[PDB]
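Visitor: I have a structure here, written as structure tokens, and I will follow up with some questions on it.
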Amino acid sequence: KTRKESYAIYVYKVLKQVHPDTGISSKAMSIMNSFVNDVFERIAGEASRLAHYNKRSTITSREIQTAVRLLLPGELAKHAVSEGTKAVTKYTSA
Amino acid sequence: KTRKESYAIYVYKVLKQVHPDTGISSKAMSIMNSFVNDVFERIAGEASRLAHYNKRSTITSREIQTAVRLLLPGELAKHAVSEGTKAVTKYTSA
Amino acid sequence: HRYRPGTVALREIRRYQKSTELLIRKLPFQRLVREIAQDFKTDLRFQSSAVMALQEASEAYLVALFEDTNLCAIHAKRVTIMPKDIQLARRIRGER
Amino acid sequence: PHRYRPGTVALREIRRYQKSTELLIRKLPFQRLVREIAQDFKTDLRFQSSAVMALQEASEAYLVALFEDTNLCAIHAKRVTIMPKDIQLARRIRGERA
Amino acid sequence: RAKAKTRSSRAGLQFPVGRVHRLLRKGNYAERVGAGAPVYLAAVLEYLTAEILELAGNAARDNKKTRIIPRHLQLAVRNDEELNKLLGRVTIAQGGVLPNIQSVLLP
Amino acid sequence: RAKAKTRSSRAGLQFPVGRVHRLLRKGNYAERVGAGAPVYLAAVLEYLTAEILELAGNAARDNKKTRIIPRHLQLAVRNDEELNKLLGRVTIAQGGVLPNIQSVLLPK
Amino acid sequence: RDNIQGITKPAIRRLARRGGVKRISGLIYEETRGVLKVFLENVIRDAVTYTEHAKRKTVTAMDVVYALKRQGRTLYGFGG
Amino acid sequence: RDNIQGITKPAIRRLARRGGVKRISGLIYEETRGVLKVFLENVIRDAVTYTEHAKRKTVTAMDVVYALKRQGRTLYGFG
């Protein structure tokens with residue numbers, strides 16, 4: 001049978017991080033999978049448009065940062081930006 | 001200087017085909033250029049989505065026809081399809 | 001014994017705003033969907049998930065439309081919703 | 001002396017301003033307002049003339065469409081006057097202040 | 001070699017097929033682009049442009065004017081059902097509005 | 001060759017950096033994709049998932065339940081201004097509606 | 001083949017109750033049926049177009065999801 | 001700088017007349033000023049974000065056009 005990739009194990013890992021004794025059903029996992037795919041596509045499309053506007057041919061972390069700033073509303077965006085930066089720096093150190 | 005391509009001479013050719021005695025100003029030409037770019041972007045994006053859904057690496061005339069049928073409203077779409085089809089016939093024969 | 005008009009209506013409002021189920025019978029909706037799709041292609045098949053998704057979308061759309069209709073009716077100093085409220089809500093939303 | 005009944009000059013103005021295509025807001029006050037608004041986001045910002053012109057065109061189109069919806073809301077409640085509750089209802093139904 | 005013949009003339013169009021092909025190839029839409037996709041797209045764009053310009057020129061003529069200004073484009077688009085539905089969320093600069101007064105307001 | 005360690009472990013994440021990089025490369029977004037873009041995207045996605053899951057788990061706990069169902073996700077999203085703005089045009093299956101009644105209709 | 005009457009008056013009344021409506025006029029039901037038929041026609045037409053492009057004969061759930069997302073009515077839970 | 005008062009009452013009356021409004025209550029001018037301020041704040045914030053991404057100090061017409069387009073308010077006539 002052909003393998004069907006999904007964001008299920010990662011969503012479950014995050015859920016165990018946040019609520020260690022709370023489970024999740026199958027419909028809720030489908031909804032979370034759709035949410036992750038939707039947000040990924042939105043941010044990636046905005047970043048691609050930003051790259052095309054400035055006559056660049058590379059999607060960098062600055063394009064992703066500006067796409068997150070444009071798309072996510074208010075305080076959310078700020079926190080998201082922080083998290084993103086917090087990752088890249090760490091990734092560079094190792 | 002630099003070169004700035006636009007759909008101005010082609011729009012003027014179509015206008016001379018339709019209204020041989022009627023001219024067009026500069027703001028109206030800017031509006032027409034924006035309209036052509038917007039419709040091109042819409043149709044091409046929808047065709048790209050259609051190709052991605054079916055796991056195809058190629059944009060063909062079938063994708064363009066389906067995008068036209070999905071986007072253009074009402075009898076407009078029908079007429080557009082005819083025009084497009086005729087072109088792809090006259091191009092293939094010659 | 002008999003409740004005053006508008007009491008059971010409020011009870012029903014409170015009851016159906018707590019549940020999550022579908023408020024339209026499934027078989028009539030499936031028949032309606034098949035009849036509508038008959039006019040586009042002949043001898044069409046439907047996955048069960050397709051009909052369920054159509055039902056969910058339609059019910060959500062109708063509930064939101066009725067919320068807007070209730071707002072329009074209250075604007076005119078009324079309690080009942082009339083077709084003119086539906087038409088105004090749809091026209092302002094851009095659907096007509 | 002001569003005098004027109006209330007609503008005659010209003011209808012004349014409605015007919016006059018639905019036939020023209022000009023901009024109905026003075027350009028210098030709008031430019032000053034745009035600069036003051038943009039002052040919060042970044043300091044020492046320069047604007048092209050086309051940027052301000054585009055902002056003015058978009059703002060005027062938005063306001064005219066909102067006033068059309070507001071007029072519909074006012075007529076719904078059997079009125080001729082335009083009240084803030086009509087603006088609020090139109091913006092709620094449109095999905096803006098909802 | 002033989003003399004060059006543009007693909008637009010070969011397909012009988014006025015819009016450019018080579019430029020449309022290049023824009024499709026460099027626009028990041030798909031890994032490959034077919035041979036007949038630019039021809040179809042150019043034909044569709046030419047059809048829509050001809051429709052808009054026909055209506056706009058008629059509006060200009062009814063106004064006793066020779067040149068087409070944005071007001072005529074707005075009148076052409078807004079008075080046509082299909083074109084109004086296509087350009088439903090689009091603002092045309094210096095276009096104005098459509099003359100329309102509610103009947104209840106009239107004396 | 002050293003022992004392979006995932007990129008998401010170096011960044012200290014749970015979402016997959018490698019899969020996100022592959023999806024960015026294969027998705028026809030741009031000709032080239034930088035080395036730090038997948039890490040940023042994975043971090044942002046993990047943040048959003050953690051936020052919405054925390055809210056949904058709180059909503060489930062307030063209902064004296066143990067398992068998250070779509071009703072709890074809808075209650076979490078609709079009760080939060082930023083998340084409601086992010087998901088304004090989104091329908092959640094079997095979510096229901098937020099309980100409210102206009103003050104005009106209540107008996108006086 | 002008059003299955004538009006399968007959407008009965010009690011069902012429309014329940015849908016109105018979920019929307020917070022207390023009193024309903026008698027002519028609301030025909031208007032609601034027309035509105036629902038228009039919405040269904042648009043969505044199903046788009047879904048059938050998506051199905052036909054794939055050279056299939058069954059209308060899958062993903063076709064419906066894409067058709068809804070085209071109109072700006074993203075739906076979570078069915079498909080991916 | 002209180003430049004929101006530069007959008008005068010007669011200007012709002014003209015914008016309402018183009019919209020077909022016959023009679024106008026005296027309380028809609030402050031409401032219209034608030035609505036316009038909110039709209040302008042959103043659009044200008046997006047335009048300045050687009051400008052800052054390009055490492056520029058001048059807000060071009062293309063930034064405004066993109067900021068409007070990403071809100072579903074496409075504007076034709078400025079490129």
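Lettering and numbering for the structure tokens are positional, with chains as A, B, ... in the shown order, residues counted from 1 in each chain, and ligands counted from 1 in the shown order.
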Would you kindly return, as a PyMOL selection string, each protein, DNA or RNA residue with an atom no farther than 9 Å from any atom of residue 72 in chain H, considering only C-alpha atoms and excluding same-chain residues fewer than 3 positions away?

Guide: (chain E and resi 89-90) or (chain H and resi 68-69)

Visitor: With N, CA, C and O atoms kept, could you save the residues just selected as a PDB file, in the first residue's frame?

Guide:
```pdb
ATOM      1  N   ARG E  89     -14.112  42.470  -7.220  1.00  0.00           N
ATOM      2  CA  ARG E  89     -13.337  43.034  -6.124  1.00  0.00           C
ATOM      3  C   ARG E  89     -12.163  43.851  -6.649  1.00  0.00           C
ATOM      4  O   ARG E  89     -11.053  43.778  -6.125  1.00  0.00           O
ATOM      5  N   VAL E  90     -12.404  44.638  -7.692  1.00  0.00           N
ATOM      6  CA  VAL E  90     -11.365  45.387  -8.383  1.00  0.00           C
ATOM      7  C   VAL E  90     -11.790  46.846  -8.459  1.00  0.00           C
ATOM      8  O   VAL E  90     -12.942  47.143  -8.791  1.00  0.00           O
TER       9      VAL E  90
ATOM     10  N   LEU H  68      -2.758  46.595  -0.960  1.00  0.00           N
ATOM     11  CA  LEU H  68      -4.184  46.528  -1.249  1.00  0.00           C
ATOM     12  C   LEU H  68      -4.572  45.167  -1.807  1.00  0.00           C
ATOM     13  O   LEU H  68      -5.597  44.603  -1.418  1.00  0.00           O
ATOM     14  N   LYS H  69      -3.764  44.623  -2.719  1.00  0.00           N
ATOM     15  CA  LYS H  69      -4.105  43.358  -3.358  1.00  0.00           C
ATOM     16  C   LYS H  69      -4.148  42.219  -2.353  1.00  0.00           C
ATOM     17  O   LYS H  69      -4.994  41.326  -2.453  1.00  0.00           O
TER      18      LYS H  69
END
```

Visitor: How would chain B read as a short mmCIF file (atom, residue, chain, number, x, y, z; two decimals) with N, CA, C and O atoms, in the first residue's frame after a least-squares superposition onto chain A over every Cα atom, matched in order?

Guide:
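Output below, filename part_18.cif:
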```cif
data_model
loop_
_atom_site.label_atom_id
_atom_site.label_comp_id
_atom_site.auth_asym_id
_atom_site.auth_seq_id
_atom_site.Cartn_x
_atom_site.Cartn_y
_atom_site.Cartn_z
N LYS B 1 0.90 -1.70 -0.47
CA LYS B 1 0.01 -0.55 -0.52
C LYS B 1 0.74 0.70 -1.02
O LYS B 1 1.43 0.66 -2.04
N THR B 2 0.56 1.80 -0.30
CA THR B 2 1.24 3.05 -0.62
C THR B 2 1.44 3.82 0.68
O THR B 2 0.91 3.45 1.73
N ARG B 3 2.22 4.89 0.61
CA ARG B 3 2.60 5.67 1.78
C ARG B 3 1.92 7.03 1.74
O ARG B 3 1.95 7.71 0.71
N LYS B 4 1.31 7.42 2.85
CA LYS B 4 0.60 8.68 2.97
C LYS B 4 1.17 9.45 4.16
O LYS B 4 0.83 9.16 5.31
N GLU B 5 2.04 10.41 3.88
CA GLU B 5 2.66 11.20 4.94
C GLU B 5 1.68 12.24 5.47
O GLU B 5 0.83 12.75 4.75
N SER B 6 1.82 12.55 6.76
CA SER B 6 0.98 13.54 7.41
C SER B 6 1.69 14.04 8.66
O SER B 6 2.65 13.43 9.14
N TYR B 7 1.20 15.16 9.18
CA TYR B 7 1.73 15.75 10.42
C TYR B 7 1.02 15.20 11.64
O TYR B 7 0.51 15.95 12.46
N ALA B 8 0.97 13.88 11.79
CA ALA B 8 0.24 13.30 12.92
C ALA B 8 1.15 13.03 14.11
O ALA B 8 0.81 13.39 15.24
N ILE B 9 2.29 12.39 13.88
CA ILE B 9 3.18 12.07 14.99
C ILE B 9 3.77 13.33 15.59
O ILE B 9 3.97 13.41 16.81
N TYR B 10 4.04 14.35 14.78
CA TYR B 10 4.58 15.60 15.31
C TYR B 10 3.54 16.36 16.11
O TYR B 10 3.85 16.93 17.17
N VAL B 11 2.29 16.37 15.65
CA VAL B 11 1.22 17.00 16.42
C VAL B 11 1.02 16.26 17.73
O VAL B 11 0.79 16.88 18.78
N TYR B 12 1.12 14.93 17.71
CA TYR B 12 1.00 14.17 18.95
C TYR B 12 2.16 14.45 19.90
O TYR B 12 1.97 14.50 21.12
N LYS B 13 3.37 14.62 19.36
CA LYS B 13 4.51 14.98 20.19
C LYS B 13 4.32 16.33 20.85
O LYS B 13 4.59 16.50 22.05
N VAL B 14 3.84 17.32 20.09
CA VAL B 14 3.57 18.63 20.67
C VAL B 14 2.49 18.54 21.74
O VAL B 14 2.59 19.16 22.80
N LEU B 15 1.44 17.76 21.47
CA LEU B 15 0.37 17.60 22.45
C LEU B 15 0.87 16.96 23.73
O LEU B 15 0.48 17.36 24.83
N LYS B 16 1.74 15.96 23.61
CA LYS B 16 2.33 15.35 24.80
C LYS B 16 3.24 16.33 25.53
O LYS B 16 3.39 16.25 26.75
N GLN B 17 3.88 17.25 24.80
CA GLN B 17 4.67 18.29 25.45
C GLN B 17 3.79 19.25 26.23
O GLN B 17 4.18 19.74 27.29
N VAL B 18 2.60 19.54 25.71
CA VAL B 18 1.72 20.55 26.31
C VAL B 18 0.78 19.94 27.35
O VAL B 18 0.68 20.44 28.47
N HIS B 19 0.08 18.87 26.99
CA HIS B 19 -0.88 18.21 27.88
C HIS B 19 -0.51 16.73 27.95
O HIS B 19 -1.03 15.92 27.17
N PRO B 20 0.38 16.35 28.85
CA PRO B 20 0.87 14.96 28.87
C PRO B 20 -0.20 13.92 29.16
O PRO B 20 0.01 12.74 28.84
N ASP B 21 -1.33 14.30 29.75
CA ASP B 21 -2.37 13.35 30.13
C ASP B 21 -3.60 13.42 29.23
O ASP B 21 -4.60 12.76 29.53
N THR B 22 -3.55 14.19 28.15
CA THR B 22 -4.70 14.42 27.29
C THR B 22 -4.45 13.80 25.92
O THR B 22 -3.37 13.98 25.35
N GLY B 23 -5.44 13.06 25.41
CA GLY B 23 -5.36 12.48 24.10
C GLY B 23 -6.10 13.30 23.05
O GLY B 23 -6.56 14.41 23.30
N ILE B 24 -6.22 12.72 21.86
CA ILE B 24 -6.86 13.41 20.74
C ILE B 24 -7.49 12.36 19.84
O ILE B 24 -6.94 11.28 19.63
N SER B 25 -8.67 12.68 19.32
CA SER B 25 -9.43 11.75 18.49
C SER B 25 -8.89 11.76 17.06
O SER B 25 -7.84 12.34 16.77
N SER B 26 -9.61 11.12 16.14
CA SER B 26 -9.19 11.04 14.75
C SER B 26 -9.66 12.23 13.93
O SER B 26 -8.91 12.74 13.09
N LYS B 27 -10.90 12.68 14.15
CA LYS B 27 -11.39 13.86 13.45
C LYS B 27 -10.61 15.10 13.85
O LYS B 27 -10.30 15.94 13.01
N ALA B 28 -10.29 15.23 15.14
CA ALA B 28 -9.49 16.36 15.59
C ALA B 28 -8.09 16.32 14.99
O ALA B 28 -7.52 17.37 14.65
N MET B 29 -7.51 15.13 14.86
CA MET B 29 -6.20 15.03 14.22
C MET B 29 -6.28 15.38 12.74
O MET B 29 -5.35 16.00 12.20
N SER B 30 -7.36 14.99 12.06
CA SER B 30 -7.53 15.41 10.67
C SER B 30 -7.63 16.92 10.56
O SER B 30 -7.05 17.53 9.65
N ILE B 31 -8.35 17.55 11.49
CA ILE B 31 -8.48 19.00 11.48
C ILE B 31 -7.13 19.66 11.71
O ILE B 31 -6.78 20.65 11.06
N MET B 32 -6.34 19.13 12.65
CA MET B 32 -5.02 19.70 12.92
C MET B 32 -4.09 19.54 11.73
O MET B 32 -3.31 20.45 11.42
N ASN B 33 -4.14 18.39 11.06
CA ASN B 33 -3.32 18.19 9.87
C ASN B 33 -3.71 19.18 8.77
O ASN B 33 -2.83 19.77 8.11
N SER B 34 -5.01 19.38 8.56
CA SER B 34 -5.46 20.36 7.58
C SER B 34 -4.99 21.76 7.95
O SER B 34 -4.59 22.54 7.08
N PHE B 35 -5.05 22.10 9.24
CA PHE B 35 -4.63 23.42 9.69
C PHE B 35 -3.15 23.65 9.41
O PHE B 35 -2.75 24.71 8.90
N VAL B 36 -2.31 22.66 9.72
CA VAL B 36 -0.88 22.80 9.48
C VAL B 36 -0.59 22.95 8.00
O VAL B 36 0.21 23.80 7.59
N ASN B 37 -1.24 22.13 7.16
CA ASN B 37 -1.02 22.24 5.72
C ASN B 37 -1.45 23.60 5.19
O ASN B 37 -0.76 24.20 4.36
N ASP B 38 -2.59 24.11 5.67
CA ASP B 38 -3.10 25.39 5.20
C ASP B 38 -2.15 26.53 5.56
O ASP B 38 -1.86 27.40 4.74
N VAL B 39 -1.66 26.53 6.80
CA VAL B 39 -0.76 27.60 7.22
C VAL B 39 0.57 27.52 6.49
O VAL B 39 1.14 28.54 6.09
N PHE B 40 1.09 26.30 6.30
CA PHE B 40 2.31 26.14 5.51
C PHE B 40 2.13 26.71 4.12
O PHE B 40 2.99 27.45 3.63
N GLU B 41 1.02 26.38 3.46
CA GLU B 41 0.78 26.87 2.11
C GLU B 41 0.69 28.39 2.08
O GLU B 41 1.26 29.03 1.19
N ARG B 42 -0.01 28.98 3.04
CA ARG B 42 -0.15 30.44 3.08
C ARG B 42 1.21 31.12 3.22
O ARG B 42 1.55 32.03 2.45
N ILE B 43 1.99 30.69 4.21
CA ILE B 43 3.27 31.35 4.47
C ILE B 43 4.22 31.16 3.30
O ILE B 43 4.91 32.10 2.88
N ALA B 44 4.28 29.94 2.75
CA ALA B 44 5.19 29.69 1.64
C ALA B 44 4.80 30.47 0.40
O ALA B 44 5.66 30.99 -0.32
N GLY B 45 3.50 30.58 0.11
CA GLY B 45 3.07 31.38 -1.03
C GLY B 45 3.39 32.85 -0.87
O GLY B 45 3.85 33.50 -1.82
N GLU B 46 3.17 33.40 0.32
CA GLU B 46 3.50 34.80 0.54
C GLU B 46 5.00 35.04 0.42
O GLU B 46 5.43 36.05 -0.14
N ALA B 47 5.81 34.11 0.94
CA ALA B 47 7.26 34.24 0.81
C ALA B 47 7.70 34.18 -0.65
O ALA B 47 8.60 34.92 -1.06
N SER B 48 7.09 33.30 -1.43
CA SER B 48 7.40 33.23 -2.86
C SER B 48 7.06 34.53 -3.56
O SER B 48 7.83 35.02 -4.40
N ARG B 49 5.91 35.12 -3.23
CA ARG B 49 5.55 36.41 -3.81
C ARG B 49 6.56 37.48 -3.44
O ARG B 49 6.96 38.29 -4.28
N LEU B 50 6.98 37.52 -2.17
CA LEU B 50 7.96 38.51 -1.74
C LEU B 50 9.27 38.36 -2.49
O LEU B 50 9.88 39.35 -2.90
N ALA B 51 9.73 37.12 -2.65
CA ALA B 51 10.97 36.90 -3.40
C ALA B 51 10.82 37.33 -4.85
O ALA B 51 11.76 37.88 -5.43
N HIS B 52 9.66 37.08 -5.45
CA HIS B 52 9.45 37.47 -6.84
C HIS B 52 9.39 38.98 -7.01
O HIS B 52 9.83 39.50 -8.04
N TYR B 53 8.83 39.70 -6.04
CA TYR B 53 8.70 41.15 -6.16
C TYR B 53 10.07 41.82 -6.23
O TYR B 53 10.26 42.76 -7.01
N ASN B 54 11.02 41.36 -5.42
CA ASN B 54 12.34 41.96 -5.34
C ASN B 54 13.33 41.36 -6.33
O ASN B 54 14.51 41.70 -6.28
N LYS B 55 12.87 40.48 -7.22
CA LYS B 55 13.71 39.85 -8.23
C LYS B 55 14.83 39.04 -7.59
O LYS B 55 16.01 39.19 -7.92
N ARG B 56 14.45 38.16 -6.67
CA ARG B 56 15.36 37.23 -6.03
C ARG B 56 14.98 35.81 -6.40
O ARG B 56 13.80 35.50 -6.56
N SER B 57 15.98 34.95 -6.54
CA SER B 57 15.75 33.55 -6.89
C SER B 57 15.75 32.63 -5.68
O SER B 57 15.63 31.42 -5.86
N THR B 58 15.88 33.16 -4.47
CA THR B 58 16.05 32.36 -3.28
C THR B 58 15.01 32.75 -2.23
O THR B 58 14.72 33.93 -2.05
N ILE B 59 14.46 31.74 -1.56
CA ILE B 59 13.64 31.96 -0.37
C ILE B 59 14.55 31.79 0.84
O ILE B 59 15.16 30.73 1.02
N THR B 60 14.65 32.83 1.65
CA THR B 60 15.53 32.84 2.81
C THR B 60 14.70 33.02 4.08
O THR B 60 13.47 33.01 4.05
N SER B 61 15.39 33.18 5.21
CA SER B 61 14.69 33.42 6.46
C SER B 61 14.08 34.82 6.50
O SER B 61 13.10 35.04 7.22
N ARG B 62 14.65 35.77 5.76
CA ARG B 62 14.07 37.10 5.70
C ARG B 62 12.70 37.08 5.04
O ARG B 62 11.76 37.73 5.51
N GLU B 63 12.56 36.32 3.95
CA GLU B 63 11.27 36.20 3.29
C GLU B 63 10.25 35.54 4.20
O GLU B 63 9.09 35.96 4.26
N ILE B 64 10.66 34.49 4.92
CA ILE B 64 9.75 33.81 5.83
C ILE B 64 9.33 34.73 6.97
O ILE B 64 8.17 34.75 7.38
N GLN B 65 10.27 35.52 7.49
CA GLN B 65 9.94 36.45 8.57
C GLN B 65 8.96 37.52 8.11
O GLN B 65 8.00 37.84 8.82
N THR B 66 9.18 38.08 6.92
CA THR B 66 8.25 39.07 6.40
C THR B 66 6.88 38.46 6.12
O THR B 66 5.85 39.09 6.38
N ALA B 67 6.84 37.23 5.60
CA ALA B 67 5.57 36.57 5.37
C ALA B 67 4.82 36.33 6.68
O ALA B 67 3.60 36.50 6.74
N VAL B 68 5.54 35.93 7.73
CA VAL B 68 4.91 35.73 9.03
C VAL B 68 4.36 37.05 9.56
O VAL B 68 3.25 37.10 10.09
N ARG B 69 5.12 38.13 9.41
CA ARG B 69 4.65 39.43 9.89
C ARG B 69 3.46 39.93 9.09
O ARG B 69 2.61 40.64 9.64
N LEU B 70 3.39 39.60 7.80
CA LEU B 70 2.26 40.04 6.98
C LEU B 70 1.01 39.22 7.25
O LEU B 70 -0.10 39.77 7.24
N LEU B 71 1.14 37.92 7.50
CA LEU B 71 -0.02 37.05 7.60
C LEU B 71 -0.57 36.95 9.02
O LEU B 71 -1.76 37.19 9.24
N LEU B 72 0.27 36.58 9.97
CA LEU B 72 -0.21 36.32 11.32
C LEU B 72 -0.69 37.61 11.97
O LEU B 72 0.00 38.64 11.88
N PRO B 73 -1.84 37.61 12.63
CA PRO B 73 -2.42 38.86 13.14
C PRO B 73 -2.01 39.20 14.56
O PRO B 73 -2.03 38.36 15.46
N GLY B 74 -1.65 40.46 14.76
CA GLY B 74 -1.43 40.97 16.10
C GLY B 74 -0.23 40.37 16.79
O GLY B 74 0.75 39.95 16.17
N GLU B 75 -0.32 40.30 18.12
CA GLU B 75 0.81 39.86 18.94
C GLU B 75 1.23 38.44 18.59
O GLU B 75 2.41 38.10 18.74
N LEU B 76 0.29 37.62 18.13
CA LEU B 76 0.61 36.31 17.59
C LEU B 76 1.85 36.38 16.71
O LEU B 76 2.87 35.74 17.00
N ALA B 77 1.81 37.24 15.69
CA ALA B 77 2.93 37.37 14.77
C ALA B 77 4.22 37.60 15.53
O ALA B 77 5.20 36.87 15.34
N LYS B 78 4.22 38.57 16.44
CA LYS B 78 5.42 38.89 17.19
C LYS B 78 5.98 37.64 17.84
O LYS B 78 7.14 37.28 17.62
N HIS B 79 5.14 36.92 18.58
CA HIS B 79 5.63 35.74 19.28
C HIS B 79 6.20 34.74 18.29
O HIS B 79 7.31 34.23 18.49
N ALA B 80 5.49 34.51 17.18
CA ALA B 80 5.97 33.55 16.20
C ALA B 80 7.37 33.92 15.74
O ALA B 80 8.27 33.08 15.72
N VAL B 81 7.58 35.21 15.46
CA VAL B 81 8.88 35.65 14.98
C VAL B 81 9.96 35.22 15.96
O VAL B 81 10.93 34.55 15.59
N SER B 82 9.74 35.50 17.25
CA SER B 82 10.73 35.13 18.25
C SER B 82 11.07 33.66 18.14
O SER B 82 12.23 33.30 17.93
N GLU B 83 10.04 32.80 18.15
CA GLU B 83 10.29 31.37 18.08
C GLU B 83 11.15 31.05 16.88
O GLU B 83 12.23 30.47 17.01
N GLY B 84 10.73 31.53 15.70
CA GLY B 84 11.48 31.21 14.50
C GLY B 84 12.92 31.64 14.62
O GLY B 84 13.84 30.85 14.41
N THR B 85 13.14 32.88 15.08
CA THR B 85 14.50 33.39 15.17
C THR B 85 15.34 32.48 16.05
O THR B 85 16.44 32.06 15.65
N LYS B 86 14.80 32.09 17.20
CA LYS B 86 15.58 31.28 18.12
C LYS B 86 16.03 29.99 17.45
O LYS B 86 17.20 29.61 17.54
N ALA B 87 15.12 29.36 16.69
CA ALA B 87 15.49 28.14 16.00
C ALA B 87 16.69 28.38 15.10
O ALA B 87 17.72 27.70 15.22
N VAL B 88 16.61 29.40 14.25
CA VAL B 88 17.68 29.65 13.30
C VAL B 88 18.98 30.03 13.99
O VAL B 88 20.05 29.90 13.39
N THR B 89 18.91 30.46 15.25
CA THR B 89 20.15 30.64 15.99
C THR B 89 20.68 29.30 16.48
O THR B 89 21.84 28.96 16.22
N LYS B 90 19.83 28.52 17.15
CA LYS B 90 20.27 27.25 17.71
C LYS B 90 20.74 26.29 16.63
O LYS B 90 21.64 25.48 16.86
N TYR B 91 20.15 26.39 15.44
CA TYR B 91 20.60 25.57 14.31
C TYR B 91 21.97 26.02 13.81
O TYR B 91 22.79 25.18 13.44
N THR B 92 22.22 27.33 13.78
CA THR B 92 23.48 27.82 13.24
C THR B 92 24.65 27.52 14.16
O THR B 92 25.74 27.16 13.68
N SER B 93 24.46 27.65 15.47
CA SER B 93 25.52 27.33 16.42
C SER B 93 25.90 25.85 16.35
O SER B 93 27.08 25.51 16.40
N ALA B 94 24.91 24.97 16.23
CA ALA B 94 25.17 23.54 16.14
C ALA B 94 25.11 23.07 14.69
O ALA B 94 26.15 22.87 14.06
#
```

Visitor: List the neighbours of range 11-26 of chain H out to 8 Å using only C-alpha atoms; skip same-chain residues closer than 3 positions along the sequence, and give me the result as a ChimeraX atom specification.

Guide: /D:7,10-11,13-14,17-18,24-26,60,63-65,67-68,71,80-83 /E:97,100-102,105 /H:7-8,29,32

Visitor: Within 9 Å of chain F, which residues belong to chain C? Use only C-alpha atoms and report them as a compact mmCIF listing (two decimals) with N, CA and C atoms, in the first residue's frame.

Guide:
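Just written: part-v2.txt:
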```
# COMPACT_ATOMS: atom_id res chain seq x y z
N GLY C 6 -42.61 31.71 22.74
CA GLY C 6 -41.25 32.19 22.85
C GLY C 6 -40.41 31.52 23.92
N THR C 7 -41.02 30.69 24.77
CA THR C 7 -40.25 30.00 25.80
C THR C 7 -39.59 28.74 25.26
N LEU C 10 -36.76 29.67 22.96
CA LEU C 10 -35.49 29.93 23.63
C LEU C 10 -34.85 28.64 24.12
N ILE C 13 -33.24 27.15 21.16
CA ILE C 13 -32.04 27.91 20.83
C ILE C 13 -30.88 27.46 21.70
N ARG C 14 -31.13 27.32 23.00
CA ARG C 14 -30.08 26.87 23.91
C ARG C 14 -29.69 25.42 23.65
N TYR C 16 -29.83 23.65 20.65
CA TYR C 16 -29.14 23.42 19.38
C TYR C 16 -27.86 24.24 19.24
N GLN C 17 -27.57 25.12 20.18
CA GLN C 17 -26.29 25.82 20.20
C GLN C 17 -25.25 25.11 21.05
N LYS C 18 -25.62 24.02 21.72
CA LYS C 18 -24.69 23.21 22.48
C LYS C 18 -24.26 21.95 21.74
N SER C 19 -25.11 21.42 20.87
CA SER C 19 -24.79 20.22 20.12
C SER C 19 -23.92 20.57 18.91
N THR C 20 -23.34 19.53 18.31
CA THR C 20 -22.52 19.68 17.12
C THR C 20 -23.02 18.85 15.95
N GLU C 21 -24.10 18.10 16.12
CA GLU C 21 -24.58 17.18 15.09
C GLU C 21 -25.12 17.95 13.89
N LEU C 22 -25.54 17.20 12.87
CA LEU C 22 -26.13 17.78 11.67
C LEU C 22 -27.64 17.82 11.80
N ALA C 53 -19.09 16.10 3.43
CA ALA C 53 -18.45 17.41 3.35
C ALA C 53 -19.40 18.46 2.81
N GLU C 56 -21.80 19.40 5.63
CA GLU C 56 -21.19 20.26 6.63
C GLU C 56 -21.06 21.69 6.12
N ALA C 57 -20.58 21.85 4.89
CA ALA C 57 -20.43 23.18 4.32
C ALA C 57 -21.78 23.89 4.21
N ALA C 60 -23.11 24.95 7.72
CA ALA C 60 -22.38 26.10 8.24
C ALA C 60 -22.79 27.38 7.53
N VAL C 63 -26.31 28.47 8.72
CA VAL C 63 -26.31 29.00 10.08
C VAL C 63 -25.75 30.42 10.11
N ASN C 70 -30.80 37.50 11.44
CA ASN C 70 -31.30 37.92 12.74
C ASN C 70 -30.82 39.33 13.08
N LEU C 71 -29.56 39.63 12.78
CA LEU C 71 -29.08 41.00 13.00
C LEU C 71 -29.87 42.01 12.18
N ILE C 74 -33.34 42.50 13.76
CA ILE C 74 -33.29 43.30 14.98
C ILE C 74 -33.04 44.76 14.65
N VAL C 79 -38.73 41.13 15.85
CA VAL C 79 -38.26 39.87 16.41
C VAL C 79 -38.32 38.73 15.40
```

Visitor: Given a cut-off of 12 Å, which residues of chain F touch chain D, counting only C-alpha atoms, written out as number ranges by chain?

Guide: F: 81, 84-85, 88-89

Visitor: If you run DSSP on the backbone here, which positions in chain E get strand (DSSP E)? Please write them as a list in words.

Guide: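 Written out, the strand (DSSP E) residues of chain E are residues 32, 33, 67, 68, 90, 91 and 92 of chain E.
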